[PDB]
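>>> Make a model of this:
(chains A, B, C, D, E and F, ligands or ions: 6)
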Amino acid sequence: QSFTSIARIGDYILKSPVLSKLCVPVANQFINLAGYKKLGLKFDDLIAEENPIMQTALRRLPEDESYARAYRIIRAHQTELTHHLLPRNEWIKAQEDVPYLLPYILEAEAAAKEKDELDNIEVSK
Amino acid sequence: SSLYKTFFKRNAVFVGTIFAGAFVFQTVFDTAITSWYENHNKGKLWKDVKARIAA
Amino acid sequence: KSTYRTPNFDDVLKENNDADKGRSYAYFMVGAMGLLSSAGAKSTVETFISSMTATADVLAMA
Amino acid sequence: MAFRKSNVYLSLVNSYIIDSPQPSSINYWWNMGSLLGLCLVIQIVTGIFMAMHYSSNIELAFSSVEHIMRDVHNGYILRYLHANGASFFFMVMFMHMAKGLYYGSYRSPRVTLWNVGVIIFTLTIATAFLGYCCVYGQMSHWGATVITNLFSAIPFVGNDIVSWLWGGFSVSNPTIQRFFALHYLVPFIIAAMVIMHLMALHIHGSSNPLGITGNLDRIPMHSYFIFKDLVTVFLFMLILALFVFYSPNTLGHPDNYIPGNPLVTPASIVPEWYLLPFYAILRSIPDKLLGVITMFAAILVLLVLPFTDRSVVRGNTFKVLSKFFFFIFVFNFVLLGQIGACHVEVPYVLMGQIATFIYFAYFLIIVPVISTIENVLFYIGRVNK
Amino acid sequence: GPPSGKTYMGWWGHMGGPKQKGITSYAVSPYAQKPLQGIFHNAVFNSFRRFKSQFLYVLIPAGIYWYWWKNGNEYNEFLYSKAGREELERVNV
Amino acid sequence: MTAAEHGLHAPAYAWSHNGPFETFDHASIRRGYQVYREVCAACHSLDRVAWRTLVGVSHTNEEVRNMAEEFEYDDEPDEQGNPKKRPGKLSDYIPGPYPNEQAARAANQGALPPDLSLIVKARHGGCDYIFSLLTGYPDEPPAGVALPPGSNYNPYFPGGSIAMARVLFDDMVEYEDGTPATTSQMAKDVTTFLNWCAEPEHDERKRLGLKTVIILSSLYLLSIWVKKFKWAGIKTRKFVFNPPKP
Ligand code: HEM
Ligand code: HEM
Ligand code: HEM
Ligand SMILES: COc1c(O)c(C)c(C/C=C(\C)CC/C=C(\C)CC/C=C(/C)CC/C=C(\C)CC/C=C(\C)CCC=C(C)C)c(O)c1OC
Ligand SMILES: C/C=C(C)/C=C/C=C/C(OC)[C@@H](C)[C@H](OC)[C@@H](C)CCc1oc2c(O)c(OC)cc(OC)c2c(=O)c1C
Ligand SMILES: CCCCCCCCCCCO[C@@H]1O[C@H](CO)[C@@H](O[C@H]2O[C@H](CO)[C@@H](O)[C@H](O)[C@H]2O)[C@H](O)[C@H]1O
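Numbering: from 1, shown residues only, chains lettered A, B, ... in the order given. Ligands and ions are numbered 1, 2, ... in the order given. Coordinates below:
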């Protein structure tokens, strides 16, 4: 499933006050139960990267965020191997759990989709 | 443990000594187990039954 | 933080009064594992090798 | 450079077992693969030594195995290792597969790795069936009869395939002799498939419990995982030993201690335990053709997972709904097995049909629906607009 | 040698990860560490934690299936007893 | 399925050979053989058991030789080609009562007494089953049971209708060692003997298991320790991040 598609559905829910008040609280609880924040990770650090879109995206990420992602990932592996969680004061707070890679991913998917469209454009005379 | 440093002195045990100890272990261990086993089953063994027989 | 200030390892480090404490234990464990393995391997090899010796039913005294 | 790297043969050993970069965080669930290689070795070695005393003729097969049990020095150890080892081979394979299922190991870029694994699984099941027939007990004869008949469901040529497989009018001498020859062959084809499996594994390396990249922190296979593998190798041997020496027939069927009889099928006939879930699936379809098709599909559906898993993250570690349904799947599988061991009676027949549905629904419906929902939940729980 | 296809894993020195900077690691020889005996008092209450979060995901589906199994079994037992031979003829064929 | 069709579940008797450290009781094996010879052997073969296996287990080398010689076996034809018999030797297998299947069915109302060499392993329940069957014949079948002619009732046999009638009765055998030959005593003995027939490696197998399990257990505990040591540097490793300036 593409991020463009997840965004389409997600935004439709976020805009409608009917669904927005019904779903978000559920989603918030789902995220806390997931537990990735206790390992010092942000959701975007969890996205499977072995594909061209994600490689393009990670390539375009500014230096500072790149070094940061690297530390979080390494710190998560070490904690996981010790079978512990980080001290609560080190957990990622909801304010920090921002979709920092999302804009780069969406941009790359759009660029990719356009190429696919243009490579297959029909012509009418 | 200083007991180790008397025989091997901070160095690991070498293959030759390991192999040598293995041959020793095999014999000792087998007798120890067979003894316990036969004793635990005293009365049920054929050795015991043959003693109660005379022909 | 300064890289020259090494983090705390006190909870892991042994109060060094007996320098070769961990070494003697590790080497005894490694040595004992090597001993029991060699005896096990020998027994396993002999088990398989002996299965090829004359079977109980073919040792007929003619 | 070091000799282990320069030599043509040793470099293979070095790249696969010594310097191979492993993700620092893999847990004991990643020890199953080595255990499978060990199982393959135990089956091959014990089988070759027994082959030395085995006669495949239908008149001598059963007695030749009794001869191995009674007259061959340590013969009972070889046979019990082989028989119990086959069972242990399946227990470990299910765990290896379940691990893959849970951690998204079947996902890109490891699809090829997963597909080769499915082939190995099919071959292993076929190999065990061929071996089981070699004993020529009651379960051997009827197992050979029922399973070769699976092919009669093929329209037009089905009965011809069966007579060809049998080498005659029914399961007879030609059948058992060819099944022994084939039982000896397949393990070597499995060995070749394992190499292809390791080749695909090598190009991308192992995955890890977090489901993310392992490229930022690797540690050499040698020392760390060699000794970590040793821990489970001994635990595996200890347990196998408890069965081989203390309870050698608990995982088998008493009817296989009765020579095969072409005129009588025991009322107590039950398939080998590792085949029960599949057996139950087939039994749940009251149609011959559809029964065998659905059963085979239960294995092939494993190939669909890379496409039906819609998630954007690999693995179930941080997925509440997926973890829950994964365990629904596992216990549903155990139920299928318990149903297979039961009589074709009222409550059981319906339960088996529902469990069969749940089995297929997991791959085709639950995973794609749930993974899509989880994708969206992850998004709206953090985007503020 | 022959050209090799691009993968997502390299080897020591070119693993394929992003460029690392700013991270400093520290470690101490296993030889200098307290011999295996400290995994208690400090590492005991901490343990068992990685199953307190997981047991529900295992237990609930297990419970559902054990109950379902018990129920069907007890029903089968009833059907084949004297008391249930009437119901048996009804639900059977 | 109905209880009658399933058969009565055999209870768990306290066999002296039950338990990881327990060998067979060889005196019971010795007695069991007598019960087999004097009662069972009239209808049941024991094809997989060779005379020599008795030596050192339940009888002496001399006793077995005498027993084997009481039977005649086909020998190699003479100088002229005509067939000839020969007394039994230790290499021979205990002979059966019938020459072929057809002769066995004729002597048992058309039923076929199975060979007992593996009977203990070829039935769910093992010793408990065999014993219970032999001592479980009621004087009269439960009310309502229409038992076919030539059949017998036994609750432990699936379907309740068995072609073998009760054959064990008090004092029908005179035990060489003076033991009171009650039916339950004789049943206990043949069953023990039959378990040995099916599992002759029993005593030795458990002895080897004891050594195997001790070595493997130690190796297991030892590997855990070695692994923890080899991993201590990685497990206690610590990281620090200092964000690089632009
Ligand atoms: C992964 C490979 C193998 C598996 C899973 C396997 C499995 C089995 C199984 C299930 C049986 C019946 C066990 C029983 O007695 O109840 C069997 C029997 C047999 N196997 Fe294998 N086998 C394998 C490899 C081999 C190989 C390479 C040989 C070599 C000739 C072999 C030779 C035999 C023989 C001789 C028998 C009959 C003796 C016996 O019943 O144990 N097997 N095998
Ligand atoms: C004889 C059978 C097999 C052998 C010897 C074998 C061996 C291995 C080995 C050594 C590994 C690496 C360590 C590990 O992850 O455990 C591995 C990984 C893997 N195997 Fe197998 N395997 C076998 C069968 C299968 C089967 C039946 C499947 C699936 C149907 C499969 C799927 C996988 C996958 C997907 C991985 C990658 C796991 C990951 O890194 O997350 N294998 N196997
Ligand atoms: C104490 C001595 C005996 C022992 C230990 C014994 C044991 C057994 C056992 C275990 C069975 C198998 C039952 C089953 O299928 O579960 C059996 C069947 C049978 N026995 Fe015996 N038996 C004894 C004496 C006799 C004698 C003397 C005769 C012949 C008069 C006899 C005739 C039969 C027949 C005809 C069957 C077939 C049962 C059927 O198919 O319904 N048995 N016996
Ligand atoms: C990146 O991930 C990895 C990884 O790559 C590797 C390699 C391992 C380590 C595990 C393995 C390499 C397992 C490999 C196993 C095999 C290839 C087994 C292949 C099978 C065989 C049966 C070999 C063939 C054997 C024979 C011909 C010998 C049998 C016959 C004999 C001895 C003759 C007997 C006769 C007489 C007369 C004496 C991992 O654990 C791992 O993850 C942690
Ligand atoms: C030359 C090689 C040939 C011809 C055949 C190899 C290929 C066949 C298989 O897969 C590879 C096959 C084993 C199948 O796989 C779908 C298994 C799940 C089998 C499942 C299976 O087992 C049974 C069994 O074991 C029995 O024993 C007593 C009895 C049985 O009925 C009562 C069955 C049975 O009804 C089924 C479906
Ligand atoms: C697969 C069949 C099983 C076969 C047997 C199993 C292998 C047993 C190996 C036994 C001994 O092997 C032995 O290992 C120790 C290390 O542990 C080696 O020791 C070497 O390393 C240690 C540790 O840094 C040093 O102290 C020592 O001075 C050095 O010589 C020793 O020289 C070698 O001889």
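>>> who are the neighbours in contact with residue 52?
Let's take chain A. The contact partners of residue A:52, taken as C-beta atoms under 8 Å, 6 or more residues apart in numbering or on different chains, are residue A:112. C-betas here are computed from N, CA, C, even on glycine.
>>> Actually, chain E is the one I wanted.
Contacts of residue E:52 by C-beta under 8 Å, 6+ apart: none found.
>>> Equivalent analysis for residue D:253, please.
So residue D:253 contacts D:139, D:270, D:272 (C-beta under 8 Å, 6+ apart).
>>> Neighbours of the residue nearest to residue D:140 when sequence neighbours are not counted, how many?
Residue nearest to residue D:140 in three dimensions, not counting chain neighbours: residue D:133, with 4.8 Å by C-beta to C-beta, 6 or more residues apart in numbering or on different chains. Neighbours of residue D:133 under the rule other C-beta atoms under 10 Å in any protein chain shown: 28.
>>> okay but residue D:133 is in contact with residue D:144, surely?
Yes. Counting by C-beta atoms under 8 Å, residue D:144 is a contact partner of residue D:133 at 4.5 Å.
>>> shared neighbours of the two, which are they?
Common neighbours of residue D:133 and residue D:144 (C-beta under 8 Å, 6+ apart) are D:175, D:176, D:179.
>>> Sitting in helices, which of those do you find?
Using DSSP state H, the subset of those located in helices is D:175, D:176, D:179.
>>> and which of those residues is nearest ligand 4?
residue D:179 (20.5 Å; C-beta to the nearest ligand atom).
>>> That closest one - how many residues pack around it?
If you count neighbours by other C-beta under 10 Å, residue D:179 ends up with 24.
>>> Next one: it from residue D:265, what distance?
Look at residue D:179 and residue D:265: by C-beta to C-beta, to the nearest Å, they are 19 Å apart.
>>> same thing with residue E:48?
51 Å.
>>> the more surrounded of these two?
The neighbour count for residue E:48 versus residue D:265, taken as other C-beta under 10 Å, is higher for residue D:265 (14 against 8).
>>> how about the helices in chain A?
All helices of chain A, identified by DSSP H, fall at A:3-15, A:17-34, A:52-60, A:63-81, A:102-119.
>>> ok, now the stretch 51-200 of chain D?
Counting by DSSP state H, counting those that start in this stretch, one finds helices in the stretch 51-200 of chain D at the ranges D:61-70, D:75-102, D:111-134, D:138-149, D:158-166, D:173-204.
>>> could I get those as CSV with distance to residue A:16?
Formatted as CSV, these follow (distance: least, C-beta to C-beta, whole Å):
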stretch, distance to residue A:16
helix D:61-70, 71
helix D:75-102, 35
helix D:111-134, 38
helix D:138-149, 57
helix D:158-166, 57
helix D:173-204, 42
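>>> rewinding a little: kindly reformat the helices of chain A as TSV and extend each row with distance to residue E:65.
Listed next are the helices of chain A as TSV, based on distance: least, C-beta to C-beta, whole Å:
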stretch	distance to residue E:65
helix A:3-15	33
helix A:17-34	23
helix A:52-60	38
helix A:63-81	30
helix A:102-119	39
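>>> looking at the ones you listed, which is buried most?
With neighbours taken as mean count of other C-beta atoms under 10 Å in any protein chain shown, the helices of chain A reach their highest mean count in helix A:63-81, at a mean of 20.
>>> That one packs against which elements?
Packing partners of helix A:63-81 (3 or more C-beta pairs under 8 Å, 6 or more residues apart in numbering or on different chains; DSSP states H and E): strand E:23-26, strand F:238-241.
>>> For the very next helix or strand once past the first one, which helices and strands make contact with it?
Tracing the chain past strand E:23-26, the next element assigned as helix or strand by DSSP states H and E is helix E:55-79. In this structure, helix E:55-79 packs against helix D:320-340, helix D:346-361, helix E:85-91, with contacts taken as 3+ C-beta pairs under 8 Å, 6+ apart.
>>> who wins for proximity to residue F:69 among those?
Closest approach to residue F:69 among those is made by helix D:320-340 (52.7 Å; C-beta to C-beta).
>>> send the alpha carbons of that closest one over as CSV?
Listed next in CSV are the C-alpha coordinates belonging to helix D:320-340 (Å, rounded to 0.1, in the frame of the first residue of the first chain):
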residue,chain,number,x,y,z
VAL,D,320,-1.5,-5.0,18.0
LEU,D,321,-4.1,-6.4,15.6
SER,D,322,-1.7,-8.5,13.6
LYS,D,323,-0.2,-10.1,16.7
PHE,D,324,-3.6,-11.1,17.9
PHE,D,325,-4.7,-12.6,14.6
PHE,D,326,-1.3,-14.4,14.2
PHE,D,327,-2.0,-16.3,17.3
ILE,D,328,-5.6,-17.0,16.2
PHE,D,329,-3.9,-18.6,13.1
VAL,D,330,-1.5,-20.6,15.2
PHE,D,331,-4.1,-22.1,17.5
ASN,D,332,-6.5,-22.6,14.6
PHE,D,333,-3.8,-24.7,13.1
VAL,D,334,-3.4,-26.8,16.2
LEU,D,335,-7.2,-27.2,16.2
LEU,D,336,-7.1,-28.5,12.7
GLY,D,337,-4.6,-31.1,14.0
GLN,D,338,-6.8,-32.1,16.9
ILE,D,339,-9.8,-32.4,14.5
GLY,D,340,-7.6,-34.6,12.2
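>>> Name the residues of chain A found near chain F, please.
For chain A, the residues in contact with chain F (C-beta under 8 Å from any C-beta of the partner chain) are A:63, A:64, A:67, A:68, A:71, A:74, A:75, A:78, A:81, A:82.
>>> Adding distance to residue D:319, write these out as TSV.
Below are the residues of chain A next to chain F laid out as TSV (distance: C-beta to C-beta, whole Å):
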residue	distance to residue D:319
A:63	31
A:64	30
A:67	28
A:68	24
A:71	24
A:74	23
A:75	21
A:78	22
A:81	21
A:82	22
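>>> picking that back up, winner for burial among the helices and strands packed on helix A:63-81?
Comparing the helices and strands packed on helix A:63-81 by mean neighbour count (mean count of other C-beta under 10 Å), strand F:238-241 comes out on top with a mean of 16.
>>> any bit of that one sitting next to chain D?
No. Strand F:238-241 does not reach chain D (C-beta under 8 Å from any C-beta); its nearest approach is 9.6 Å.
>>> Give me the helices and strands touching that strand, please.
Judged by 3+ C-beta pairs under 8 Å, 6+ apart, strand F:238-241 is in contact with helix A:63-81, strand E:23-26.
>>> And those: which comes nearest residue A:89?
Judging those by C-beta to C-beta, what sits closest to residue A:89 is helix A:63-81, at 13.9 Å.
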